[PDB]
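S.K.: Take a look at this one; I'll ask things after.
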Amino acid sequence: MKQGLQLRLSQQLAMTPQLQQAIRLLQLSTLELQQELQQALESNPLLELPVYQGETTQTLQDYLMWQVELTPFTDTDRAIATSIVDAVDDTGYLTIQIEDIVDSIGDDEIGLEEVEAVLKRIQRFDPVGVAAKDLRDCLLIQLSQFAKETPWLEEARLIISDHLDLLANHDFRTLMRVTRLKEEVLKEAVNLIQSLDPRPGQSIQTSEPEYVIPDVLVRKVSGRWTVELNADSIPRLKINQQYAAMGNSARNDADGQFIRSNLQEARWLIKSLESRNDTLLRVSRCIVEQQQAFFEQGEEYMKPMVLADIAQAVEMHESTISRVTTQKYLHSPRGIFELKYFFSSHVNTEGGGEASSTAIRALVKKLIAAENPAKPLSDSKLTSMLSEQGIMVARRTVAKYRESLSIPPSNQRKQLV
Amino acid sequence: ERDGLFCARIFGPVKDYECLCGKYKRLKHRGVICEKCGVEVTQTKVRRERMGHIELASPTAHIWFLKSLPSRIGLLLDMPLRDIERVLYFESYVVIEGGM
Amino acid sequence: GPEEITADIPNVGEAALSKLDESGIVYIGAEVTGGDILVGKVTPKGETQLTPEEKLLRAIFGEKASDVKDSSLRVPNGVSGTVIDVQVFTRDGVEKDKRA
Amino acid sequence: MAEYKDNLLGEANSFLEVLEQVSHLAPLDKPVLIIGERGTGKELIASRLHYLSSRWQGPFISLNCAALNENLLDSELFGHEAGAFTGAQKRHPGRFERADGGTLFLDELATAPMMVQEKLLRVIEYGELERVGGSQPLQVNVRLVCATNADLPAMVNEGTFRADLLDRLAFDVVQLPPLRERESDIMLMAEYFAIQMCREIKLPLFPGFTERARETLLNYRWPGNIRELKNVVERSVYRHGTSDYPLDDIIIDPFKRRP
Amino acid sequence: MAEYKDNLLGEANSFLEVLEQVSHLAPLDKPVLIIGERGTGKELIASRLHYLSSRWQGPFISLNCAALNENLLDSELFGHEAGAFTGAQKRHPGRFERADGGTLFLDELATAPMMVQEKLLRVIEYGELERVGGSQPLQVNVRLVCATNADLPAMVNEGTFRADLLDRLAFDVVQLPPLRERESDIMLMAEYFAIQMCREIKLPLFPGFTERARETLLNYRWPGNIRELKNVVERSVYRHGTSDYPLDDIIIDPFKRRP
DNA sequence: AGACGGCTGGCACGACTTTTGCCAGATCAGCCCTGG
DNA sequence: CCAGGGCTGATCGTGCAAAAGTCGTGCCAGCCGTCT
Ligand SMILES: Nc1ncnc2c1ncn2[C@@H]1O[C@H](COP(=O)(O)OP(=O)(O)O)[C@@H](O)[C@H]1O
Ligand SMILES: Nc1ncnc2c1ncn2[C@@H]1O[C@H](COP(=O)(O)OP(=O)(O)O)[C@@H](O)[C@H]1O
Ligand SMILES: [Mg+2]
Ligand SMILES: [Mg+2]
């Protein structure tokens, strides 16, 4: 039972460089594909009233500059105000700090007190609490703005002054014993703080556009939806008849060989592109077949799958399917997702079955959301009722799902009723 | 896009002082050009004042001349517009020189 | 993400949302003038950054996270009237149907 | 650095002298060799020698020359690179390279065949080794510790051992006194093992020792110095099984019939 | 190549002759055989012999004739090409190919297997070598240096050594004298070694020897030329442990009865 | 006020997935040259 | 003038495997709630 150089065949393989190019041709999205396809089209010669003058809109910075133009500053104050308002984000909080602004001005005469005077002058502009250094001096401006007649104002000012972490950690008991403040009569003061419009500069303009492009289409024909490719998005190449009908006529060997080689390259490229489209269509049809339940019933009713499960259903390889299913967005009546989004890790449940990770994550989302606000549900209890459902995932996986879901811990979301 | 229509490094910067890459984004930089992307840090109103050019490797005629009521090329060469037009589209093969 | 009509509109007063139902659309018979809100629609924004500022804002206030922007349907300026009836259309496969 | 005393019992007379001698060997970086009868607790001192060293944090690995697969001997001794021969899917660390800054335990040098002697003859003096199917050589620094059972000078004259390797590993030799000659700590070793065994059988307490048992202890030749004394104490105390009285009889051989 | 000092403390007439002969043979290209007794600085000579030549800048690689495997013997000697067998995945250089321009220093040639003996002769004579699965002949030039302690004229008569392999390798053999022939220089060696050893063990300064210790170290057989004097002096000074009075205790053999 | 229990997160360890990086050759058919 | 040989180019081919990466689940440390 030895070390010896031995040899026995059971496999086969072969490949050429242009075949490598053709097999990497299907790894990339269509919009990025069209660039390289246009590049090859440029090289190969035998291959191949409207609304205008929109309106100008008023953003936050333009509005603030407009208001600066009608306020009585000096020239130096105007330059400082222009710099300050230039250093303003969409949310309404200035990005760079005051000493950075002073350095940007770069004047010996200019001082921190002068810059503070100008900034506080422009703090009272139409979006209240705009151009604030951080959250601490944005809520305070509006609290000071509100008339003294409304109650709990002093309480709200005391909390917002130097108890910001005390409120952020939702540690109401320590907040009480720190402030010496009233029991459950602080709730309306906290609510007053809540109703204070954080991020005030956002509301100057809120238009967001629609940017969706579908690669694969699925439609419900009264059960067992059939999948079609995007006719407009798909690329296509057509041979050129003029140049295909002049390779034989040419009597020069150079021209003849040139046309022959370019014909060969163009036909190979067309064949490779058609094969890529066919492979993508077949893969999409098979994955939609194996995911018919989820489209009907929702994310939490998703069967876990691996690339092996979808590769065995076809004659392609796991690597081939992995290359095809990158940067492909399929459109469904429920919405737009990615082909790579369907594949997920599996966890074993009670009764021998397995549940998909994304399904359990969505179930955790809805279960956590539908909870009493006074008593939060922790990760251990989440594991407990998941085991009652029969899923029995570990508390570590529960915590990982909750963290990836961006929900803060249970002790962090506790709040007064 | 990079080196195309509606591009940066030509036609000026984009909506604000920030460069395309993301670095060098403030009024503190007033005329500098980033290294990862060549974008002058100036106002975006300059985007309507900066023009580019196309090399056009092969020469090309100008249709405003040689196709107005008089033809400027025709009057310069004493050559009629019909032959000018036939030569300007690769079916006439005019002679340049040759005295021998 | 999909846009939703949930009447959870940020940067707005309680007086503006007085005429809106739970789903976010006006009651039948309400009188509306000028620039009041008819349908409360929100458009999702990018994912909240890990930055401590946004983390603090979420911990303090919550439920906004700058996830949504106020792109609601408002009555055009100088238009006043009383709402006769509304009509809502939902595509197949979508079963939101808040009050549809 | 800590004490690393581990298990130390029955220390008196020449055994204490041996411990005193070996106490200062650890700082040195010269090969050491231990001579002793089979089962004379030689490994205990060899292990403690590594811990008493300044670089006690070095990993400790042990090989027994009596157990070397002749087919895999070279690969185990040096180390094999990836793809050097068929079936080598990944690069595998060799035993010599496995310990760097840590000692290597060698055993049964008296049973080392000429083949292993020649293969290992050079890696010691210069600390230089090249892996089988290797392109470039590696250099390491390891303190070798060896244990044996026979008369290496006698095997040298007999011709089955190489004097070159012997003097390569003959800086100093530690002679462990056999317990049947010391005769000064037999009571202490026996009683210690008795307490351990009676404790682990969850019995209340251990009774004394019978005078007749002491009488018959010294008479026995004791081929097993401290490897069969522990065993006989354990088996005899198990046989008794009670704290009733000091055990009169010691079951020196288990093969003896019950009647 | 201009300046090379390291070790070589011994200074006698017998050593002078061989060290001067090495200087003559160093520029020459022909291979040399280094015969001698165990532990006589054979590596020190071979190393200096190569590095004093005109090809010092070339690579210097050594190997043990016994260490390398018998199964992968040919691959170790020559190397293999990618795809020759299942395991192989890239072209692999052999020792003869890595040692181009430089030297190949075989160690303990007397223990080389019959397989190596019948493998090496044809390539060593002329310079032709075929890589495993190769397509065309390869030609490299390697100055050969070999050293062993055995008696080749007697070995060839026994028949475990190839006659022609010895014949095409034994041009101008080099013989070193045993330690007993140096006479006076052993005191210089002992003084040097003791100084280094006491430096290592942190004692301040050597106190010197005595006339008794001098006579004892002078008059003894010295079966091992060197690496035995080093060991004996370093063990004696270690057992001394202090420099209040001169070094007098001499311990030629660690193998002794318990004190 | 201190200890006990509990909650959460970083790090580690098998077990399993998925991602990229490989780089021709032989074999067959029609045309041209040449023998019968 | 018809049949045999040579020669050149046209044609075929989307998988294997190795290593990086990801997964689930445990172990341990540090902060917090609560009763004594
Ligand atoms: N000083 C000691 N006191 C008590 N027991 C010892 C002492 N030294 C060694 N032993 C015991 O001797 C037993 C065998 O040790 P050893 O002979 O080194 O094993 P090996 O057969 O591997 O050489 C160990 O189980 C150990 O408990
Ligand atoms: N002339 C010398 N000066 C100093 N040290 C020497 C001399 N000759 C031999 N040695 C010592 O001998 C050792 C080399 O042993 P060596 O004789 O090469 O072993 P082998 O005989 O197995 O080749 C070195 O550690 C070196 O310190
Ligand atoms: Mg043992
Ligand atoms: Mg040697």
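As shown in the structure tokens, the chain order sets the letters A, B, ...; within each chain, residues go from 1, and ligands are also counted from 1 in the order they appear.
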Chain A residues within 10 Å of chain E, counting only C-alpha atoms: which ones, as a list in words?
M.R.: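 Residues satisfying the distance criterion: residues 2, 3, 4, 5, 6, 7, 8 and 9 of chain A.
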S.K.: Within 9 Å of ligand 4, counting only C-alpha atoms (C1' of nucleotides) and all ligand atoms, which protein or nucleic acid residues do you find, written as a ChimeraX atom specification?
M.R.: /D:121-122,164 /E:38-43,107-108,147-149
S.K.: Excluding residue 95 of chain C and any residue of its chain fewer than 4 positions from it, enumerate the residues within 12 Å of it, using only C-alpha atoms (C1' of nucleotides), and give them as a PDB file with N, CA, C and O atoms, in the first residue's frame.
M.R.:
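Once written, out-v2.pdb looks like this:
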ATOM      1  N   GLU A 296     -46.852  32.327  -5.977  1.00  0.00           N
ATOM      2  CA  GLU A 296     -48.254  32.311  -5.574  1.00  0.00           C
ATOM      3  C   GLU A 296     -48.438  32.812  -4.146  1.00  0.00           C
ATOM      4  O   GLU A 296     -49.326  33.631  -3.881  1.00  0.00           O
ATOM      5  N   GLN A 297     -47.617  32.332  -3.214  1.00  0.00           N
ATOM      6  CA  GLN A 297     -47.961  32.380  -1.799  1.00  0.00           C
ATOM      7  C   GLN A 297     -47.139  33.378  -0.986  1.00  0.00           C
ATOM      8  O   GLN A 297     -47.581  33.788   0.090  1.00  0.00           O
ATOM      9  N   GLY A 298     -45.965  33.783  -1.463  1.00  0.00           N
ATOM     10  CA  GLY A 298     -45.146  34.716  -0.716  1.00  0.00           C
ATOM     11  C   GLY A 298     -43.766  34.180  -0.390  1.00  0.00           C
ATOM     12  O   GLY A 298     -43.432  33.013  -0.611  1.00  0.00           O
ATOM     13  N   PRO A 333     -45.283  39.693 -11.532  1.00  0.00           N
ATOM     14  CA  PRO A 333     -46.369  40.546 -11.027  1.00  0.00           C
ATOM     15  C   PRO A 333     -46.136  41.017  -9.599  1.00  0.00           C
ATOM     16  O   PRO A 333     -46.593  42.097  -9.214  1.00  0.00           O
ATOM     17  N   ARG A 334     -45.421  40.215  -8.807  1.00  0.00           N
ATOM     18  CA  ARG A 334     -45.133  40.609  -7.433  1.00  0.00           C
ATOM     19  C   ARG A 334     -44.066  41.694  -7.366  1.00  0.00           C
ATOM     20  O   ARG A 334     -44.060  42.498  -6.427  1.00  0.00           O
TER      21      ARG A 334
ATOM     22  N   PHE C  89     -57.366  50.854  -8.720  1.00  0.00           N
ATOM     23  CA  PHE C  89     -57.112  49.717  -9.596  1.00  0.00           C
ATOM     24  C   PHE C  89     -55.811  49.053  -9.170  1.00  0.00           C
ATOM     25  O   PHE C  89     -54.763  49.705  -9.141  1.00  0.00           O
ATOM     26  N   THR C  90     -55.878  47.765  -8.849  1.00  0.00           N
ATOM     27  CA  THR C  90     -54.713  46.990  -8.439  1.00  0.00           C
ATOM     28  C   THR C  90     -54.481  45.865  -9.436  1.00  0.00           C
ATOM     29  O   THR C  90     -55.420  45.145  -9.793  1.00  0.00           O
ATOM     30  N   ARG C  91     -53.236  45.714  -9.880  1.00  0.00           N
ATOM     31  CA  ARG C  91     -52.913  44.675 -10.844  1.00  0.00           C
ATOM     32  C   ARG C  91     -53.006  43.295 -10.196  1.00  0.00           C
ATOM     33  O   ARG C  91     -52.966  43.142  -8.973  1.00  0.00           O
ATOM     34  N   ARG C  99     -58.177  49.308   1.395  1.00  0.00           N
ATOM     35  CA  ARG C  99     -59.600  49.616   1.486  1.00  0.00           C
ATOM     36  C   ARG C  99     -60.255  49.483   0.117  1.00  0.00           C
ATOM     37  O   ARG C  99     -61.404  49.888  -0.090  1.00  0.00           O
ATOM     38  N   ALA C 100     -59.541  48.877  -0.830  1.00  0.00           N
ATOM     39  CA  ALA C 100     -60.063  48.660  -2.170  1.00  0.00           C
ATOM     40  C   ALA C 100     -61.253  47.710  -2.199  1.00  0.00           C
ATOM     41  O   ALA C 100     -61.943  47.641  -3.222  1.00  0.00           O
TER      42      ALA C 100
END
S.K.: Excluding residue 17 of chain F and residues on its chain fewer than 5 positions from it, collect all residues at most 12 Å away from it, counting only C-alpha atoms (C1' of nucleotides), and give them as a PyMOL selection string.
M.R.: (chain A and resi 305-308+318-319+322+343-346) or (chain G and resi 19-23)
S.K.: Restricting the output to N, CA and C atoms (P, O5', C5', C4', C3', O3' and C1' of nucleotides), write the selected residues as a short mmCIF file (atom, residue, chain, number, x, y, z; two decimals), in the first residue's frame.
M.R.:
data_model
loop_
_atom_site.label_atom_id
_atom_site.label_comp_id
_atom_site.auth_asym_id
_atom_site.auth_seq_id
_atom_site.Cartn_x
_atom_site.Cartn_y
_atom_site.Cartn_z
N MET A 305 -33.16 25.85 -2.22
CA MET A 305 -32.58 25.22 -3.39
C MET A 305 -31.10 25.56 -3.47
N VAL A 306 -30.37 24.72 -4.22
CA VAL A 306 -28.95 24.89 -4.46
C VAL A 306 -28.74 24.82 -5.97
N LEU A 307 -27.59 25.31 -6.43
CA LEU A 307 -27.29 25.28 -7.86
C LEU A 307 -27.33 23.86 -8.40
N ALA A 308 -27.03 22.87 -7.56
CA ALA A 308 -27.10 21.48 -8.00
C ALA A 308 -28.52 21.08 -8.36
N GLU A 318 -23.19 23.19 -13.15
CA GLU A 318 -23.36 24.13 -12.05
C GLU A 318 -22.62 25.43 -12.32
N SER A 319 -21.39 25.33 -12.84
CA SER A 319 -20.63 26.53 -13.19
C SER A 319 -21.33 27.32 -14.28
N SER A 322 -24.25 29.12 -12.76
CA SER A 322 -23.75 30.21 -11.93
C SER A 322 -23.32 31.40 -12.79
N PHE A 343 -31.72 31.40 -4.99
CA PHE A 343 -30.88 30.44 -4.29
C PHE A 343 -30.57 30.93 -2.88
N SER A 344 -30.69 30.03 -1.91
CA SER A 344 -30.48 30.39 -0.52
C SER A 344 -30.07 29.14 0.25
N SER A 345 -29.48 29.36 1.43
CA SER A 345 -29.12 28.25 2.29
C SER A 345 -30.37 27.60 2.88
N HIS A 346 -30.23 26.33 3.26
CA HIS A 346 -31.34 25.57 3.82
C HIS A 346 -31.09 25.27 5.29
P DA G 19 -5.79 24.36 -5.03
"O5'" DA G 19 -6.28 25.79 -4.51
"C5'" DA G 19 -6.39 26.87 -5.42
"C4'" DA G 19 -7.55 27.77 -5.05
"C3'" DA G 19 -7.57 28.21 -3.58
"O3'" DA G 19 -7.75 29.61 -3.51
"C1'" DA G 19 -9.68 27.36 -4.23
P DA G 20 -7.24 30.43 -2.23
"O5'" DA G 20 -8.32 31.59 -2.08
"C5'" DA G 20 -8.86 32.20 -3.25
"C4'" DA G 20 -10.36 32.35 -3.14
"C3'" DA G 20 -10.84 33.07 -1.88
"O3'" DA G 20 -11.56 34.24 -2.23
"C1'" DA G 20 -12.08 31.07 -2.26
P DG G 21 -12.07 35.25 -1.10
"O5'" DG G 21 -13.56 34.77 -0.81
"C5'" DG G 21 -14.41 34.44 -1.89
"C4'" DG G 21 -15.64 33.71 -1.40
"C3'" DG G 21 -16.25 34.29 -0.12
"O3'" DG G 21 -17.50 34.90 -0.41
"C1'" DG G 21 -16.19 31.89 -0.10
P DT G 22 -18.26 35.78 0.69
"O5'" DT G 22 -19.38 34.79 1.25
"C5'" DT G 22 -20.20 34.08 0.33
"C4'" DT G 22 -20.89 32.92 1.02
"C3'" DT G 22 -21.56 33.27 2.35
"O3'" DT G 22 -22.97 33.16 2.24
"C1'" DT G 22 -20.34 31.20 2.46
P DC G 23 -23.90 33.55 3.50
"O5'" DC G 23 -24.13 32.15 4.25
"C5'" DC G 23 -24.85 31.11 3.62
"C4'" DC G 23 -24.80 29.83 4.45
"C3'" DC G 23 -25.19 30.00 5.90
"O3'" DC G 23 -26.59 29.79 6.05
"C1'" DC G 23 -23.24 28.59 5.65
#
S.K.: Please, what distance in Å, to one decimal, runs between atom CA of residue 403 of chain A and atom CA of residue 208 of chain A?
M.R.: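 Distance between the two atoms: 28.1 Å.
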S.K.: Quick one: residues within 12 Å of residue 65 of chain E, only C-alpha atoms (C1' of nucleotides), excluding same-chain residues fewer than 5 positions away - as a list in words?
M.R.: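 The residues satisfying every condition are residues 115, 118, 119, 120, 121 and 122 of chain D; 70, 73, 76, 77, 95, 104, 105, 106, 107, 108, 109, 110, 111, 112, 113, 114, 115, 116, 117, 120, 146, 147 and 148 of chain E.
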S.K.: Would you list the contacts of residue 83 of chain C as a list in words, taking every protein, DNA or RNA residue within 7 Å and counting only C-alpha atoms (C1' of nucleotides), but skipping same-chain residues closer than 5 positions in sequence?
M.R.: residues 28, 29, 30 and 31 of chain C
S.K.: Mind checking which residues fall within 10 Å of residue 66 of chain C, counting only C-alpha atoms (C1' of nucleotides), ignoring those fewer than 5 positions away in the same chain, and posting them as a tab-separated table (two decimals) with C-alpha atoms, in the first residue's frame?
M.R.:
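Wrote result13.tsv, looks like this:
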chain	number	residue	atom	x	y	z
A	91	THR	CA	-31.06	66.21	4.86
A	198	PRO	CA	-36.00	65.48	12.22
A	199	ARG	CA	-34.10	66.01	8.97
A	202	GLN	CA	-35.53	66.75	3.07
C	10	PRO	CA	-42.94	62.47	6.74
C	44	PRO	CA	-38.44	54.41	-1.11
C	45	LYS	CA	-34.90	55.75	-0.85
C	46	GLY	CA	-31.57	53.99	-0.50
C	47	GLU	CA	-30.65	51.84	2.46
C	48	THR	CA	-29.82	53.76	5.62
C	54	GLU	CA	-28.36	58.01	10.93
C	57	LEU	CA	-31.73	59.28	14.23
C	58	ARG	CA	-33.26	55.80	13.90
S.K.: DSSP on the backbone: what in segment 137-280 of chain A comes out alpha helix (DSSP H), as an MDAnalysis selection string?
M.R.: chainID A and resid 137:145 153:162 164:168 172:179 187:194 241:244 253:280
S.K.: Please find the residues contacting ligand 1 at a distance of at most 10 Å between atoms, with only C-alpha atoms (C1' of nucleotides) and all ligand atoms counted, and report them as an NGL selection string.
M.R.: :D and (5-12 or 15-16 or 19 or 36-47 or 64 or 107-108 or 147-149 or 185 or 188-190 or 192-193 or 224-231)
S.K.: Rounded to one decimal in Å, what is the spacing between atom CA of residue 327 of chain A and atom CA of residue 51 of chain C?
M.R.: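 Computing it gives 27.9 Å between the two atoms.
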S.K.: Quick one: which chain A residues come within 8 Å of chain F, and what is the nearest atom pair for each with the distance in Å to one decimal, counting only C-alpha atoms (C1' of nucleotides), rows ordered by chain and ascending number, as CSV?
M.R.:
residue,atom,partner,partner_atom,distance
A:14,CA,F:24,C1',7.5
A:15,CA,F:23,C1',6.4
A:16,CA,F:23,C1',4.9
A:17,CA,F:23,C1',4.7
A:20,CA,F:23,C1',7.5
A:319,CA,F:19,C1',7.6
A:322,CA,F:18,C1',7.4
S.K.: For a test of reading the model, state the distance in Å between atom CA of residue 330 of chain A and atom CA of residue 274 of chain A, rounded to one decimal.
M.R.: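 Taking atom CA of residue 330 of chain A and atom CA of residue 274 of chain A, their separation equals 19.0 Å.
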S.K.: Can you list, as a PyMOL selection string, every residue of segment 139-231 of chain E that DSSP puts in strand (DSSP E)?
M.R.: chain E and resi 139+143-148+174-175
